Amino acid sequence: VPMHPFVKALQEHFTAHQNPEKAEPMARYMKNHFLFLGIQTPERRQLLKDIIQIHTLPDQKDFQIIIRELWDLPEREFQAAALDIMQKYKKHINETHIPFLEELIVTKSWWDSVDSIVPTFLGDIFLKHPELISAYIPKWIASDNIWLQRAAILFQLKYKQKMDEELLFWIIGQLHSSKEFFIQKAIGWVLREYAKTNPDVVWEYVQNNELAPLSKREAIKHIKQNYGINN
């Protein structure tokens, strides 16, 4: 069974505009975990738009198939394009897609893909179906996979006043001893971001609970101005 014609077309069109000179520093930026064609986002989005204009967006029955096929291609631009395409099918994504999204998180994993899946797609799903959080978050925290652990931390990133504070701090407490940069930094990020909504609670949390130095520093990057730095 051949690849979907939409994916074959995208592959051909992206490859025709590859830039090996840019691809080298792009690959180094991602610590050489991926091959790159060398196409940056504004052009990549236009090339995708070209293929949609010519071929039309594939029927929804093929949505997951298209995403997986792009996920399996070597160059990182194809996963970036897959995420652009998933945004176009956004109105069709629901709680039944959580395992599909899990699998994307733990394949071809790095911060660029995981941070584009978690606070947006998963965040939206768990906002609508909070009763399902406990069907996934404990497993993710207990996982060997740091990207699932990061997912547990960041799915609430954009919740603002809908933040479940008790949940947030419980998750952070479970992971606060991790020596993994991407976990320490995610804790810092979600605290920094939530501090834009409720700075008092974040300040109290970081002053009174154990965190990695990186996590605490990133959490209070802005709000330390509001409280001051004691002698």
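For every residue, the number given is its place in the sequence shown, counted from 1.
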Do the C-alpha atoms of 85-93 or of 109-117 have the higher average B factor in the entry?
85-93
Mean temperature factor over C-alpha atoms, higher-scoring stretch between 26-34 and 179-187:
26-34
Can you work out whether the C-alpha temperature factor of residue 103 puts it in the lowest, middle or highest third of the chain?
middle
Using the B-factors in the PDB entry, rank residue 76's C-alpha atom against the chain and give the third, lowest, middle or highest.
lowest
In terms of the chain's CA B-factor thirds, is residue 128 lowest, middle or highest?
highest
CA B-factor ranking of residue 219, expressed as a third of its chain:
lowest
Per the entry's values, where does residue 156 land by CA temperature factor relative to the rest of its chain, in the lowest, middle or highest third?
lowest
